[PDB]
Student: 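Sharing a structure below in structure tokens format, with a few things to ask.
So that the names make sense, note that chain A is the first sequence line, chain B the second, and so on, each numbered from 1. What's counted below: heavy atoms across the whole structure, side chains too, no hydrogens, waters or symmetry copies. All ligand and atom numbering here is 1-based and tracks the order in the structure.
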Protein chains: 6
Amino acid sequence: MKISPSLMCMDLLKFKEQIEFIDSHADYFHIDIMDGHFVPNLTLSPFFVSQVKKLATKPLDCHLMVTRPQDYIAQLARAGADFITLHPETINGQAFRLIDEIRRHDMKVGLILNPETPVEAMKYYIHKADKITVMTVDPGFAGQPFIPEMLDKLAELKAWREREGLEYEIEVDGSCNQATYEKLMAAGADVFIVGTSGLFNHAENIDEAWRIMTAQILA
Amino acid sequence: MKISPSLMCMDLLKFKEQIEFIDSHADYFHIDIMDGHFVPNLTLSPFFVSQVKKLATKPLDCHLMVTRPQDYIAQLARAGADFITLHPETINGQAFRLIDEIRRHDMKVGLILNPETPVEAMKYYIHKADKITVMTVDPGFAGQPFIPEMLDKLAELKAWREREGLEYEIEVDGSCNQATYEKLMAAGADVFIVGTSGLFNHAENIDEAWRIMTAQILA
Amino acid sequence: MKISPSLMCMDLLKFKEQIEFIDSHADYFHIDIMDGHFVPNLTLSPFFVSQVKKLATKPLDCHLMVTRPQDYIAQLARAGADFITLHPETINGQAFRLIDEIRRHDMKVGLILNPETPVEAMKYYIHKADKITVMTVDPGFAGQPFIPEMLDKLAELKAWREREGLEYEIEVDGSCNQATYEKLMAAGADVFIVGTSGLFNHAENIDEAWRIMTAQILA
Amino acid sequence: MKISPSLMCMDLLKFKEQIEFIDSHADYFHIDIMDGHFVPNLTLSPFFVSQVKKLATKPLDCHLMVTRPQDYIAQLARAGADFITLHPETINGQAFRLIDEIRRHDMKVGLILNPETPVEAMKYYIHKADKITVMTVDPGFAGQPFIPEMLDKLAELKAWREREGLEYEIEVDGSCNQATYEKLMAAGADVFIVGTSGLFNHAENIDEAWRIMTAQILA
Amino acid sequence: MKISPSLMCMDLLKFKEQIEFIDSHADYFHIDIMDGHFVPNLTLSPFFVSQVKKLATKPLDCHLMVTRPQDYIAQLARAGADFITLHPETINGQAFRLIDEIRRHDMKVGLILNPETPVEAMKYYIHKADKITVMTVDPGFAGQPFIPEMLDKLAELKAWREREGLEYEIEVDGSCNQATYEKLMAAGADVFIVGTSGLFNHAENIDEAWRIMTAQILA
Amino acid sequence: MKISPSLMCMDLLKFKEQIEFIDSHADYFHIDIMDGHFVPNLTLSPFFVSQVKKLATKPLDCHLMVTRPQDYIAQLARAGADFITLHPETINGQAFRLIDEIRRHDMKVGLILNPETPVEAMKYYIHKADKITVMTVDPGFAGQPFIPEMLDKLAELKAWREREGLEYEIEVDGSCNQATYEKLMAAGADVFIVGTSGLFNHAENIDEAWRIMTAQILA
Ligand SMILES: O=P(O)(O)OC[C@@H](O)[C@@H](O)[C@H](O)[C@@H](O)CO
Ligand SMILES: O=P(O)(O)OC[C@@H](O)[C@@H](O)[C@H](O)[C@@H](O)CO
Ligand SMILES: O=P(O)(O)OC[C@@H](O)[C@@H](O)[C@H](O)[C@@H](O)CO
Ligand SMILES: O=P(O)(O)OC[C@@H](O)[C@@H](O)[C@H](O)[C@@H](O)CO
Ligand SMILES: O=P(O)(O)OC[C@@H](O)[C@@H](O)[C@H](O)[C@@H](O)CO
Ligand SMILES: O=P(O)(O)OC[C@@H](O)[C@@H](O)[C@H](O)[C@@H](O)CO
Ligand SMILES: [Mg+2]
Ligand SMILES: [Mg+2]
Ligand SMILES: [Mg+2]
Ligand SMILES: [Mg+2]
Ligand SMILES: [Mg+2]
Ligand SMILES: [Mg+2]
């Protein structure tokens, strides 16, 4: 069961400390890049990616919650991103062009779905993704209500992968915590994006927090 | 001569270290909040403001380079901002309403002009500002070419202040470095927003960088 | 067979008269709120809702043909709306958040589909709706050509409701008149939004108009 | 001293009563048409204009607080508008084209300025206006704080008219009440747009309200 | 096997020569009209259509890659267009209205799909089209990578036509050349939009280029 | 008195003929590039520029009536443009950046004003322009009503040039014909953008048309 900590939930006072810990314990760094337009909020950016890059060996995954993802691919690559996760709802008319550009910069391809977006949205290019993520909360913030209905989407995603012989990892984004770990795994999740409720909140010291989370995942 | 370090230029690895140093040496924290729309880039956000707040006593100044500044006032106040610097080009039809909202949240008012925006743009509300800033570079990034033409704007701003009996501080944003300190002071600047070329670049250790900067300012 | 008069078609000269009559004869008040952007026209607003509220006991249903439905929920609740009908095409990325906000204001949830939008668009949240409406005319005005093709959508909506064990009412919007009553009922309609061609036109006096309509519905 | 009641502040329950009273006592009908985009609100529309037209002899003045005023000129003319008041901030690139279109439809031309817009904005076409209005409140709602700074704009407008030998009427929009009548007249106002605080609030019966207002104007 | 040359690929120096040749050899004139917004580029326009009209007898097909297709229908009819090809992704909320307007101007209806748009997008109005086109490349330019995945879309389109008893022609747009002719025909294509790689490149003289193309199609 | 023919008014049937004639008689090629957004129309594009380049020696001047001029500079240079004429109303926040980019591509700088835009809009960068153009008609089309008021703008532009010791050429765009030549020259024009009414209409053969125009200019 892979883990991808949501850096918009980290403690900058202990930046170096937390990044190094995460780099030797997690599988991915989940970096939210927002528009203020695609979603009503602003969080991280290429600058941030650039800073994390100084200490990272694990892949930096940039979730592009922006209106014009085309504007950030080259900039993110140069900042050190390893994964560019695209919203299907922002790439109609350019999905293949962007996926090719991402590959040209030697980065992996991620696809992330808003709660109300069906998996078929990606039918013509789902086979080009290394990882597909399911929002289990309407995008934009931390601490939003879990959307049970998304469990079916996770399952459909797993079934689709088997039936088509694909190898993408299935990620979950939004309220991944003790109250949902079980249902999510049963539904088909491979990766957990862990934020405030699943990791950082458990303890002020990240080592302790990680232990608590890991233990809760055990069930 | 007041100093306001541009945090989008800081080193996150030494976050705590640099914020505490800045808090006891500078006058303001310059926090750039971008849209990806008003300017073609993304940098800081309320999340960063919130983090800086944990260690700050000096005022946090949020430069709103966004299409809809109305969307960030309450959120920024809760994060700990003390100054909200508005772009006159984004508030036609709501300048007075926003200035009142900023005051209602007990924050000071800042006004910042793009290179091509004349000072008269603010004529009907210039007297409500605590600080007025002059972009000496087209907004969006660090390391852009200095715009000499802006010296006249600084002077006009000083003349306007005297002639009208106002008390706003005059700030400069963009390429404030050894090559411009003199001209800027002569023109009428009261505050220097110092970024990569004026501060951070001089040395890896911020103490050293600051004394180098302070020394250069002496001339 | 429930009736919901389209107030953008009423006679303001006899406002009080018509609202009171409608309140004691119809099941809902259909209030169109337009953007000039989501649809190329402008009709009613919160002001209008507020006025109708003074005399109403039956629920006020606000059809939100606007780009940013998020901007009107609290304001509409305050004006006295009882139903907020959302366009799935304007809530991708916020359907669950908005539905929760509507409930938080003690209002019922409505979902309305443009002619070219398939019912699956609502698959993940269709079960949260009290009423689902089918546009049988491209949105924006009164007196537009009926779209026969929408009969299949009504039927699919009815089948979906049975197969899933849901309880939402099925509403029709656009050219509900003598020429369509039969086909619409056969297709599965539960509510008729009646406008100029179905109600108001039949007679200058609303009592008479209602009589004529009621009689035509009989067949 | 001319009067133009703001219909978005009227009582629809007594629609006919109030329109007829206003038509025989006031000089203009002030009809606010909003976008939800140019200003964050929605109020009246062509539909309302059409209804008022049934009883009006005095000119209907449509204040276009919309992003694309071009979309409403023909429609408004058809509904019965006599005056189309344009926002200079929405017509750069089409002021002369629109003014010509308004004239072709035999309607008078109005120009309205947001608080932060200078009069020079209209310098090249100010001479084509029948009436020029000064917002004394940031546009969008009723009951907003009066902006004293606008008194200078009224004066400048009067001076400009004399110096250029023009004949436009000077209108005031926003918080025209007992507390401002005097200053406004001294500044140069010719027309008062009266809303909730200046008219409708004084009494539930409009005759009484008009009396109270008229009396307060006397001083 | 019908042919529709992409005029944005022609040689203006031999305008008259090439148009006349095309008019007596091809079946349609493919005229790309771009927004700079719906797709990141600008190519042809009504002006261009108007010029081609002077010499054409074969139908002019205008591919509307624009945000607001509603703005060009009357103008294009006026310029001499015979076919208006709409993008389903730009007509939600107005497909039926626009199709009716196109017919009212005596023009035929075309429907064109972006690579990532499924055929069901047109399910409610597919029967109103004279021709349906499949983009085999993300829209905007010439010389883009062919998208094999689109072969399934062509096939689905053919199957749909048979199963529903429709008569629309199936067109292909994007990299129609020697390397794809076979697969495209096998998939179900009826019309080939030929551009630089399929026609114009083969020879400087268009007669020669056309023979080479025709020969390659033979296989 | 320099001449710049508006190519959106030429005859494509005689493309080569007309371009060669223009190249040996005029001073500039005026190429209108529209957005469908900045102005409500579409005309020429980089493709067109590219074609004209094959035969031109005189400078190609690209008038950028687009929302995002930044998107076309490199592409236009590549196509062979020699002049890029920017609208001040589309470059607030990037005027200096774009002017530098234009110079970097070895192209000259043009500045064009909409009728309602004052010359001061360019005050901080007017000295960087090689040519400044005054729209004497609201942008978008050919054959629009001349705007006499623009004569003052031409004069102001001439006075400004003398008073500041600048060397920019003053161009006129919109209805430059027999009825305006005199007034325009008296006002201060150096270059005439000639379109349908001033050139092309006079005769089907361009030699004849040019002769007639030249003669009319004599007065
Ligand atoms: O729900 P939680 O435990 O507070 O976790 C918060 C994270 O899900 C959240 O920050 C996520 O990365 C964002 O992409 C959501 O827009
Ligand atoms: O020009 P420098 O020395 O690299 O400094 C960089 C700073 O001026 C810059 O980050 C500034 O805060 C931003 O508001 C500019 O959009
Ligand atoms: O078609 P009719 O009889 O004129 O009725 C008109 C009504 O359908 C119409 O006003 C409806 O409420 C609107 O939501 C349509 O955009
Ligand atoms: O300020 P008062 O007395 O409540 O009056 C309200 C009116 O000024 C107001 O409705 C006005 O017509 C609108 O154009 C303002 O956006
Ligand atoms: O790919 P080719 O052989 O260069 O052909 C180019 C044509 O496909 C292309 O111009 C097409 O008409 C456009 O609609 C694509 O946006
Ligand atoms: O007014 P005329 O004689 O028809 O000339 C037409 C030209 O002015 C016109 O095409 C011009 O180039 C465009 O930039 C206007 O938007
Ligand atoms: Mg995320
Ligand atoms: Mg700044
Ligand atoms: Mg409705
Ligand atoms: Mg008003
Ligand atoms: Mg095409
Ligand atoms: Mg031009």
Side-chain angles (χ1 to χ4, degrees), chain A residues 4-10 28-34 38-41 43-44 61-65 85 87 110 112 114-115 133-147 171-180 192-202 213, chain B residues 47, chain C residues 4-10 29-34 38-41 43-44 61-65 85 87 93 97 112 114-115 133-147 171-180 192-202 213, chain D residues 47, chain E residues 93 97:
Chain A
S4 188
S6 175
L7 301 192
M8 69 177 267
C9 300
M10 71 160 94
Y28 307 114
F29 284 100
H30 188 74
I31 303 176
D32 294 307
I33 294 175
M34 308 178 322
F38 180 67
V39 296
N41 196 25
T43 47
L44 308 184
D61 184 12
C62 296
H63 175 180
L64 268 43
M65 283 170 278
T85 294
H87 263 282
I112 190 162
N114 272 343
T133 313
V134 171
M135 290 299 303
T136 50
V137 113
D138 268 332
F141 326 75
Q144 248 53 57
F146 176 73
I147 304 171
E171 200 175 32
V172 182
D173 188 2
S175 60
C176 280
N177 50 59
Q178 184 175 67
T180 58
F192 280 164
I193 284 175
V194 65
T196 62
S197 71
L199 175 65
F200 301 103
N201 263 30
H202 293 146
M213 174 196 87
Chain B
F47 163 70
Chain C
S4 187
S6 175
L7 300 192
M8 68 177 265
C9 299
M10 71 159 95
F29 284 98
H30 189 74
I31 304 176
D32 294 307
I33 294 176
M34 309 178 320
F38 180 66
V39 295
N41 195 25
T43 46
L44 308 183
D61 185 11
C62 296
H63 175 181
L64 268 43
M65 284 169 278
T85 295
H87 263 284
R97 178 184 302 144
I112 190 162
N114 272 341
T133 311
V134 171
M135 291 299 303
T136 51
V137 112
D138 268 330
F141 327 73
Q144 248 52 57
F146 176 73
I147 303 171
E171 199 176 32
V172 182
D173 189 1
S175 60
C176 275
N177 50 59
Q178 186 175 66
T180 57
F192 279 165
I193 284 174
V194 65
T196 61
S197 71
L199 176 65
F200 300 102
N201 264 31
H202 293 147
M213 174 197 87
Chain D
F47 163 69
Chain E
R97 178 184 301 144

Student: So, for C:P115 and C:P139, which heavy atoms are closest and what is the spacing to 0.1 Å?
Tutor: CD-CD, 3.9 Å

Student: Considering only the protein, which heavy-atom contact is closest to atom 3 (O) of ligand 3, and what is its distance?
Tutor: C:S197 OG, 2.6 Å

Student: For the backbone of C:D173 and the side chain of C:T136, can you confirm whether one donor and one acceptor N or O come within less than 3.5 Å of each other?
Tutor: yes

Student: For atom 11 (C) of ligand 3, which protein heavy atom lies nearest, and how many Å away is it?
Tutor: C:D173 OD1, 3.0 Å

Student: May I ask you to identify the nearest protein heavy atom to atom 4 (O) of ligand 3, giving residue, atom name and distance to one decimal place in Å?
Tutor: C:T196 OG1, 2.6 Å

Student: Main chain of A:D32, side chain of A:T43: is a donor-acceptor contact present, judged purely on distance under 3.5 Å?
Tutor: yes

Student: Counting both backbone and side chain atoms, is some N or O of A:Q144 under 3.5 Å from an N or O of ligand 1?
Tutor: no

Student: Is the shortest heavy-atom distance from the side chain of C:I112 to the side chain of C:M135 under 4.5 Å?
Tutor: yes

Student: Checking a contact table here: which protein heavy atom is nearest atom 13 (C) of ligand 1, and how many Å away?
Tutor: A:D32 OD2, 3.4 Å

Student: Restricting to N, O or S, what is the name of the atom of A:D173 that lies nearest the Mg ion (ligand 7)?
Tutor: OD2

Student: Which is it for A:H30 and ligand 1 at heavy atoms under 4.0 Å: side chain, backbone, both or neither?
Tutor: side chain

Student: Starting from the C-alpha separation in whole Å, work towards a yes-or-no answer on side-chain contact (heavy atoms from CB on, under 4.5 Å) for C:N201 and C:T196.
Tutor: CA-CA 5 Å; C:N201 264 31; C:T196 61; 3.8 Å; yes

Student: Under 4.0 Å from a heavy atom of C:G174: give me the atoms of ligand 3 that qualify, with their elements.
Tutor: 8 (O)

Student: Check whether more than 12 heavy atoms from other residues, nucleotides or ligands sit under 6.0 Å from atom CD of A:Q178, and answer yes or no.
Tutor: no

Student: So if I count the atoms of ligand 3 from 1 in the order they appear, which ones are less than 4.0 Å from some heavy atom of C:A142?
Tutor: 4 (O), 6 (C)

Student: Taking N or O atoms only and a 3.5 Å limit, does A:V194 qualify as a polar contact for ligand 1?
Tutor: no

Student: Looking only at protein heavy atoms, which one is nearest to atom 1 (O) of ligand 3, and what is the separation?
Tutor: C:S175 N, 2.9 Å

Student: Looking from the Mg ion (ligand 7), what is the angle between ND1 on A:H63 and OD1 on A:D32, to the nearest 10°?
Tutor: 100°

Student: If you count the atoms of ligand 3 from 1 in the order shown, which ones are under 4.0 Å from a heavy atom of C:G143?
Tutor: 1 (O), 2 (P), 4 (O)

Student: With heavy-atom distances below 4.0 Å as the criterion, list the atoms of ligand 3 near C:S6.
Tutor: 7 (C), 9 (C), 10 (O), 12 (O)

Student: Run the numbers for me: atoms of ligand 3, each under 4.0 Å from some heavy atom of C:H63, listed by number.
Tutor: 14 (O)

Student: Does the side chain of C:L64 come within less than 4.5 Å of C:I33's, by heavy atoms?
Tutor: yes

Student: Looking only at protein heavy atoms, which one is nearest to atom 15 (C) of ligand 3, and what is the separation?
Tutor: C:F141 O, 3.5 Å

Student: Evaluate the criterion side-chain contact (heavy atoms from CB on, under 4.5 Å) for residue pair B:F47 and A:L7; output intermediate values, then yes/no.
Tutor: CA-CA 11 Å; B:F47 163 70; A:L7 301 192; over 6 Å; no

Student: Can you list the ligand 3 atoms lying under 4.0 Å from a non-hydrogen atom of C:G195?
Tutor: 3 (O), 5 (O)

Student: C:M65 and C:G140: which non-hydrogen atoms are nearest, and at how many Å?
Tutor: SD-N, 4.3 Å

Student: Could you list the atoms of ligand 3 found under 4.0 angstrom from a heavy atom of C:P139?
Tutor: 16 (O)

Student: Between A:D138 (side chain) and C:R97 (backbone), is there a donor-acceptor pair under 3.5 Å?
Tutor: yes

Student: Distance to 0.1 Å, residue and atom name: give those for the protein heavy atom nearest to atom 10 (O) of ligand 3.
Tutor: C:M8 SD, 3.0 Å

Student: Please answer whether the main-chain N or O of C:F141 pairs with a side-chain N or O of C:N41 as donor and acceptor at a distance below 3.5 Å.
Tutor: no

Student: In this structure, does ligand 1 have an atom that sits under 4.0 Å from one of the heavy atoms of A:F146?
Tutor: no

Student: Compare all side-chain heavy atoms of A:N177 with those of A:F146 and state whether any distance is below 4.5 angstrom.
Tutor: no

Student: Heavy atom of A:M34 under 4.0 Å from ligand 1?
Tutor: no

Student: For atom 16 (O) of ligand 3, what's the nearest protein heavy-atom neighbour? Residue, atom name and distance, please.
Tutor: C:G140 N, 2.9 Å

Student: Treating A:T85 as the side-chain partner and A:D61 as the backbone partner, does any N or O pair qualify as donor plus acceptor under 3.5 Å?
Tutor: no

Student: To the nearest 0.5 Å, what is the distance between CG (C:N114) and NE2 (C:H87)?
Tutor: 5.0 Å

Student: Considering the heavy atoms of C:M65, write down every atom of ligand 3 situated less than 4.0 Å from one of them.
Tutor: 14 (O), 16 (O)

